[PDB]
Structures are given as C-alpha cells and as structure tokens.
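Here is the structure we will look at, set down as structure tokens.
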Amino acid sequence: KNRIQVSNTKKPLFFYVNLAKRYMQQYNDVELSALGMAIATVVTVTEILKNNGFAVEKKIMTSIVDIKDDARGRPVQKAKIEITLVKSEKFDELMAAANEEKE
Amino acid sequence: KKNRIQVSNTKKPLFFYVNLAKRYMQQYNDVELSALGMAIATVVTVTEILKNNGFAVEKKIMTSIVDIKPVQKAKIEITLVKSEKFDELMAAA
Amino acid sequence: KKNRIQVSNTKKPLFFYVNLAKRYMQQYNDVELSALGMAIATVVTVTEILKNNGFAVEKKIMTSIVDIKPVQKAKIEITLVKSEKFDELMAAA
Amino acid sequence: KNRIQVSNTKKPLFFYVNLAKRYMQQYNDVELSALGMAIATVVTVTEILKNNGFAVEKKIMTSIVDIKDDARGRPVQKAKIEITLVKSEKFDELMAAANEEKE
Ligand SMILES: [K+]
Ligand SMILES: [K+]
Ligand SMILES: [K+]
Ligand SMILES: [K+]
C-alpha cells in the first residue's frame with residue numbers, strides 16, 4: 001500500500017516526492033525502491049525529505065540482485081536500493097505551513 | 001525507428017545500450033539514442049564511452065523540454081556515426 | 001560568470017542549485033546552468049522543477065562533447081528566464 | 001590505499017572502472033564511495049564489474065550523513081554509498097583474455 005517503485009522516466013521528480021509525502025501522511029511510513037539508473041531518484045527524494053524536515057530514515061538497504069533477462073540468456077545483475085522513511089515530528093507542522101495553516 | 005535506441009528500462013545494464021549502439025552502427029552506420037529525464041545520464045555515458053574508446057563520432061546532440069500528457073521533461077537525442085577506427089575495433093573484439 | 005551556476009559539487013543538496021537559480025533570476029532575470037557528465041542529471045532536474053512549478057522558461061539548451069585536458073565529456077548549458085508567474089511565486093514563498 | 005571516492009565530474013566512467021580493476025589486482029579488494037549524484041557512478045561501476053565477471057561484492061552500505069555546510073549554517077544531509085568488492089575467481093583469466101593472453 002505504501003510502496004513506491006521508481007522506474008518510469010516520464011515522471012517528474014516531484015511526483016515521487018509528493019507520493020512519498022502522501023504515503024507518510026496516510027501510513028506513517030513509506031518504502032521507496034529502485035534499480036540502476038533510478039537509484040539516483042530515490043536518493044534525491046530521500047535527501048529532499050530529510051533536509052526539509054519531513055522524514056527520518058529507518059532503513060536503507062542496497063544490494064545486487066539477479067534480474068531475469070531473456071535476450072541475455074541468463075540473469076543480469078543490477079543494484080537495487082530500498083529505503084523506508086517515517087514521518088518526522090515536524091511533518092504535520094510543515095505540511096500545514098506549506099499553506100500558511102500553522103497555529 | 002530501426003536505428004533508434006530509446007533508453008527507458010531501469011533493469012538493463014549499461015553495456016546493453018553500449019553494445020546495442022555498436023550493433024546498430026555496424027548495420028546502419030549511424031545510431032540515434034534518446035531518453036527522458038533520469039535516463040539522460042545513461043545516454044550521456046553511452047556517448048562518452050563510444051567517443052573515448054574510439055568507436056564513434058557525434059553528428060547531432062539535441063536537448064529540449066517536451067510535454068508529456070501536462071508535465072514537462074527534458075529529452076536528449078544523440079546521433080552517432082562510425083569513426084574511422086570502428087571496423088577495426090569491432091574485428092579486434 | 002555572475003549569473004552562471006556550474007554544478008560540480010556532489011556534497012550539495014539539489015535544492016541548493018534550485019534556490020540559487022531562483023535567486024539569480026531575481027537579480028539578472030536569466031540564469032545559465034552548466035555541468036559535465038554525471039552532473040548533467042542535476043541540471044536537467046533543476047530545469048524540470050523550475051519549468052513544472054511555473055518559475056522559469058528555457059531560452060537555450062546546448063549539449064555538446066568537450067575535450068578535458070584528452071578525455072571527452074558531455075556538457076550541458078541551459079539558459080533560463082523568469083516566467084510571467086515568477087515574481088508572484090517568489091512573493092508567495 | 002585501495003579507496004576510490006567518486007566526486008570529479010571531469011572523469012570518464014572508465015577511469016573509475018579501470019582504477020577499481022587496478023586496486024583489485026594489487027590488493028584483492030577495493031572500496032568505492034560517493035555522495036548524492038555520484039552514487040549512480042559507483043552503482044554503475046559495480047554493475048559493470050559484476051556482470052562482466054571481475055568482482056564479487058562483499059559489503060554495500062548506504063546511509064544518510066551530515067556534511068558541514070558554511071553557507072547553510074548547519075550541516076546538510078546527503079546519501080553516501082560505500083561498496084567493497086573483491087576479486088572474483090575469473091578476474092585473472094578475464095584480465096589476461098582482454099589481451100588474448102589466456103592459456
Ligand atoms: K489553521
Ligand atoms: K529501434
Ligand atoms: K556565478
Ligand atoms: K599468455
């Protein structure tokens with residue numbers, strides 16, 4: 001329910017940042033994952049959410065996985081990152097303040 | 001289309017695209033590489049590799065902002081041709 | 001030089017470059033962003049953000065291969081200008 | 001002695017791949033590290049060395065670190081990756097075969 005897999009090169013960065021914010025709001029945590037070239041996206045989303053006070057990381061796992069590859073004839077190996085973020089203590093205030101709604 | 005490589009698969013290893021570019025140059029002489037957004041880095045790297053290792057010469061490198069059904073994304077389009085060393089490098093491989 | 005941002009520092013957060021571009025546009029109207037190789041992805045992303053969020057319009061996007069004292073690297077050069085909404089977005093911030 | 005930090009945007013990818021090969025040849029292992037945008041480089045070097053039979057990973061650590069930042073006035077947070085690779089059992093044969101020197 002709260003998992004985001006980054007793989008669509010058509011999506012703007014803020015699609016993923018905003019989805020991560022929505023999932024943290026709904027579920028308290030969010031899991032981001034990506035392979036290969038998409039790892040830079042997950043890293044950047046995480047940096048943004050940390051530097052701007054929205055999130056605290058709970059788990060960052062990075063590993064090499066086998067990917068089935070028909071044309072190759074045997075699996076290819078790719079790096080995969082998996083990041084779990086939880087809501088920070090400032091998340092609600094910051095989401096409020098975005099729209100000048102802090103009390 | 002036949003000699004165009006669109007880079008959009010995060011499951012592929014880099015060398016998939018490097019080798020595909022070399023195979024396309026063997027048949028068509030020239031090769032078009034295109035990508036959006038986060039995939040531009042791969043196209044750039046493919047190009048650098050083919051240039052630095054003596055396989056290719058660039059003919060055209062176009063970067064622009066495009067609308068996707070709308071959101072805006074950067075798109076790169078690179079056209080490469082065989083270098084004077086290409087055939088000998090391929091034979092040596 | 002004064003209104004050019006070279007992206008080459010891996011220690012910087014993305015929003016360093018996004019905010020610097022916005023500050024430069026406030027003073028100069030327009031801003032040049034440049035990078036090599038692995039940094040091109042950052043320039044692309046900065047640009048997409050400034051376009052998608054209504055701050056900027058692109059005027060020029062140049063990608064080329066350059067010699068570095070030699071090895072060849074891709075280099076992007078983007079020029080942005082303020083959009084019609086820029087001043088109001090900055091005031092609202 | 002065997003550490004490679006990826007941070008120079010002037011370097012071609014194969015500078016890092018070839019340095020990693022040299023360090024594995026000399027020391028049996030190599031440590032690759034990078035922050036932020038440079039993580040994609042380390043990931044790609046690792047994929048290359050794995051898919052092509054040169055290396056086996058031993059450790060991949062990915063974390064958020066504080067970076068001193070004068071202009072900011074307090075530290076910024078960046079993702080950092082640290083990858084330790086060791087020579088594979090095929091490394092020597094492959095380095096030989098590169099130059100048609102296998103026996
Ligand atoms: K309120
Ligand atoms: K094709
Ligand atoms: K400047
Ligand atoms: K021999």
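Basis for what follows: all heavy atoms, side chains included, without hydrogens, waters or symmetry-related copies. Below, chains carry the letters A, B, ... as their sequence lines are ordered, and counting in each starts from 1.
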Report the donor-acceptor contacts between chain D and chain A below 3.5 Å as a table, one pair per row.
unit_1: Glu47(D); atom_1: OE1; unit_2: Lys78(A); atom_2: NZ; d: 2.8
unit_1: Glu47(D); atom_1: OE2; unit_2: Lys78(A); atom_2: NZ; d: 3.4
unit_1: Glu47(D); atom_1: OE2; unit_2: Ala79(A); atom_2: N; d: 2.8
unit_1: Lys50(D); atom_1: NZ; unit_2: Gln77(A); atom_2: OE1; d: 2.6
unit_1: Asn51(D); atom_1: O; unit_2: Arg72(A); atom_2: NH2; d: 3.2
unit_1: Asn51(D); atom_1: OD1; unit_2: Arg72(A); atom_2: NH2; d: 3.4
unit_1: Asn51(D); atom_1: OD1; unit_2: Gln77(A); atom_2: N; d: 2.8
unit_1: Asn51(D); atom_1: ND2; unit_2: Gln77(A); atom_2: O; d: 2.9
unit_1: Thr62(D); atom_1: OG1; unit_2: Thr62(A); atom_2: OG1; d: 2.2
unit_1: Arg72(D); atom_1: NH2; unit_2: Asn51(A); atom_2: O; d: 3.2
unit_1: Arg72(D); atom_1: NH2; unit_2: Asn51(A); atom_2: OD1; d: 3.4
unit_1: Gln77(D); atom_1: N; unit_2: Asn51(A); atom_2: OD1; d: 2.8
unit_1: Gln77(D); atom_1: O; unit_2: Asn51(A); atom_2: ND2; d: 2.9
unit_1: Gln77(D); atom_1: OE1; unit_2: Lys50(A); atom_2: NZ; d: 2.6
unit_1: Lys78(D); atom_1: NZ; unit_2: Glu47(A); atom_2: OE1; d: 2.8
unit_1: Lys78(D); atom_1: NZ; unit_2: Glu47(A); atom_2: OE2; d: 3.4
unit_1: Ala79(D); atom_1: N; unit_2: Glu47(A); atom_2: OE2; d: 2.8

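Interatomic distance, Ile83(D) CD1 to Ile64(A) CD1, rounded to the nearest 0.5 Å: 6.0 Å.
In plain terms, the two heavy atoms of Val43(A) and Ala79(D) that are nearest each other are CG1-CB, 3.7 Å.
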